[PDB]
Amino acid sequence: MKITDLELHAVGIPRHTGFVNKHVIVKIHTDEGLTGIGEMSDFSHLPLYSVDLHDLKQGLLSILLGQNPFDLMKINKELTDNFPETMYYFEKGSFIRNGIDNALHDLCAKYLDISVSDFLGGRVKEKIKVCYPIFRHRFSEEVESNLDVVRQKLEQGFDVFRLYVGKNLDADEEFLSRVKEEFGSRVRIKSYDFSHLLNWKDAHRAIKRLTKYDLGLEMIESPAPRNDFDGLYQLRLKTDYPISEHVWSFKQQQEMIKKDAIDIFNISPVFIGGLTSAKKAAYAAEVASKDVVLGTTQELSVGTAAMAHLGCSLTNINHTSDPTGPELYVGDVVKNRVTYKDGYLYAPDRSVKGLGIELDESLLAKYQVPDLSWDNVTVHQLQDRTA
């Protein structure tokens, strides 16, 4: 059982709201004709440079060629050797490793004729509660449009949301005020995500005013600069609500655990390098008696299915999670997208071998892009995912 070839399909898929993201669909072929499919999700984050895919294929092939896909520890070690963790939230190498590792999970599962779910420790639940993201308010005139989003998504089944905050506290506060007034308790906003925009003391003042509105609030996310472990800790001591932060490297995670800097570890395959690495991170959190939440970069159905299997296998996810990618994109590259119902993301049919997703070649062609080059976009839009 050996890897013989690799394909990287670049696609560009816009969100209903306008932001255009580029992703790379992975295909790992083997001597026995079995192919694993994966996804290097959302490369459209800073830094503002793009990776040469022709060169990348050669580099990845040199690593993968001839290897036994079941040697996940060995392969992941070699992947990290060539694409080291950087202590950066959006390291493109993390997205790359993620795509190879989840494709390998698909491959192995298919070979054994089982769902990736059974390859990750089975099921603890069959679905995980998620939330729909509400855009960061830059100006107060945006409040009305965001309220419309909440009203429509609620009718569609999403009763839990998360709100990006920190740019215009007056606008954030007006939105929250309006939401409580119109929906009362019908809607919950489980997280206020600062996106590392404020120093911890400024975030503290912001949190103090935003928490005057508690619509089923579950956590305050990234309320300090990236890697400001001491700041997170000081804020954790001054905040009644749990503090959550993304895990983007093992070193960063180790430091947050050792300093007891946070309460909830936001873990997502794409930011840590794949399912193998995400599992390690999740288990490290478990060993430290810490809570976990499944984060997201907002991936397509392949990437979402992968994390759905992982999320449904963990015993330490006791809060609302974030992956709602397929709900944001106007299209996808699969025959059947993952399912969302009543605000829950369902793990794919446990009876279907592999990820439980099938690629649609006509869609890969439809959304094909020549490379991962950037289009005109501002820093504000890259941070808020707006257009």
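In this text, residue numbers run from 1 along the sequence as written.
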- Query: Of the two stretches 158-166 and 178-186, which shows the higher Cα B-factor on average in the entry?
  - Reply: 178-186
- Item | Mean C-alpha B-factor comparison - 279-287 and 199-207, higher one | 199-207
- Message: Between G343, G33, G38, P47, which one tops the list for Cα B-factor in this entry?
- Response: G33
- Task: Would you mind checking which of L215, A224, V130, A103 has the top Cα temperature factor in the PDB entry?
- Result: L215
- Third of the chain, ranked by Cα B-factor, where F119 sits: highest
- Note on the structure: Assert third(CA B-factor, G66) within chain per record equals highest
- Chain-wide C-alpha B factor ranking for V26, given as lowest, middle or highest third: lowest
- CA B-factor placement of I357, once the chain's modelled residues are sorted into thirds: highest
- Message: Among the modelled residues of this chain, does the Cα B factor of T320 put it in the lowest, middle or highest third?
- Response: lowest
